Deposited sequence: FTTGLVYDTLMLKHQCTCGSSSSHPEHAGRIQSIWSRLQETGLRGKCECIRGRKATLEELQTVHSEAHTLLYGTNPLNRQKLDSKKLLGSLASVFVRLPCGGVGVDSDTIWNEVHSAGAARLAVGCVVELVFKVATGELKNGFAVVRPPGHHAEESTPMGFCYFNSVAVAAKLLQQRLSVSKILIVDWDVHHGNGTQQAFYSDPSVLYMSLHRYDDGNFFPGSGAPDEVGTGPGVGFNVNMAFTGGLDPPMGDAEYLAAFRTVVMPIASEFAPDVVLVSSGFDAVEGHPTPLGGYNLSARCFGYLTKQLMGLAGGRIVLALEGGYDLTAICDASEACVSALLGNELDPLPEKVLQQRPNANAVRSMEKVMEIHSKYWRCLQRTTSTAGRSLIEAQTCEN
């Protein structure tokens, strides 16, 4: 069955007026380079071309308050004059008074159109080359280059329109997705699962402690795989693959989702500036992480772009992910990755997360505690 891609050049229009491209890492060229890489590699010809649309204000209001959708979804004060000279709500999130409202709605709508085409069976899986990223946005607070939470809106719309009972949201963007967590913090029917640098709250945005397990009926359905200890050593492929083998897959498998949405951030890839990420994930590792998620929910999966700001890194990672969604055979993992053990900081983080969520997920016992094993050592003991 066909994989689907969605992309629109109107999202390029979301740009600061200052004319200083260096000051805004979330710039229009992040998706243009990605779409160009999908064309030159021939992957775009293997996928269906999905046309986007702007999200309706009622669609945005499933997640955000009406005052938030009217402030940032429409045009004729929270706005301020930035040091760069452009308008914005804060130093991070610039606002173009002409084009930005149509770009944010187009990003939410391209994700909703792709997710519904996969959920309804018009596509096997999808990948959304969309900007601005949405996972940091809250019910009324834009932040982190985010305005509307595109993944959260597509998840709420899957419930209110298709009555899906189980929805898995993986968030492997290096930053915690505070808005995707807040949107479903009390909902058993949606399992949020964020992998992020945390360092005891000393990283942006500072939320996402392992103890934050959800509330009310939704207790135990929010899994924060929070890494800690800084970049000493920085997390690599062996640490993320171990977190999937020990924490992500066992919990997602017991949840048995009907759908899998992914906040596909690429700022964890190697070569990023340290404040924006600092992890050394290979782009080839993200292709394997995509293929492991493809076994869930019958293959009903959609990846939506979030973070990731180095152009060569997000292009290599978008290529590996779409190549994985197509069923293409992966490049084999290097022997240094298969044999490397996770660093002790990643082991202390995984075991701390497993200690909290073993109370809620019965199958988080077989992996307690295999967190320190290398992938070859785990394949040895499982035989």
Quick one: where does the model skip the deposited sequence?
77 to 92
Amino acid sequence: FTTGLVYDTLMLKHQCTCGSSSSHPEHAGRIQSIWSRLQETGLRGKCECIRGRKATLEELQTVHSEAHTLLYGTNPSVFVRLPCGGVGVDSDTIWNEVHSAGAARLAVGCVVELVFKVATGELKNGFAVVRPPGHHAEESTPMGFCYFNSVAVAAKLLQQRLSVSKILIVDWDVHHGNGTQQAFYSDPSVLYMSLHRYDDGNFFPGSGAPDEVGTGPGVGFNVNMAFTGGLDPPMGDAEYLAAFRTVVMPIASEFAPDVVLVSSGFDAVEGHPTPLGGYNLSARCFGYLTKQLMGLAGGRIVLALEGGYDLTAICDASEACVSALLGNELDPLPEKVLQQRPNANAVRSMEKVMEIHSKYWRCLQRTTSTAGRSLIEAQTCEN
From here on, numbers count along this sequence of modelled residues.
Mean C-alpha B factor from the entry: is it higher for 128 to 136 or for 234 to 242?
234 to 242
According to the deposited model, is the average Cα temperature factor higher in 31 to 39 or in 59 to 67?
59 to 67
Residue of maximum C-alpha B factor among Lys336, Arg51, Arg44, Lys54, per deposited coordinates
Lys336
Between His196, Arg284, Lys117, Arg161, where does the Cα B-factor run highest in the record?
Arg284
Should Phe184 be placed in the lowest, middle or highest third of its chain by the C-alpha B factor in the entry?
middle
Quick check for you: using the entry's CA B-factors within this chain, is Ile356 in the lowest, middle or highest third?
highest
Within-chain third of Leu330 by Cα B-factor, per the entry
highest
Considering every modelled residue of the chain and its Cα B-factor in the PDB entry, is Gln340 in the lowest, middle or highest third?
highest
By its CA B factor, does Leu82 count among the lowest, middle or highest third of the modelled residues in the chain?
highest
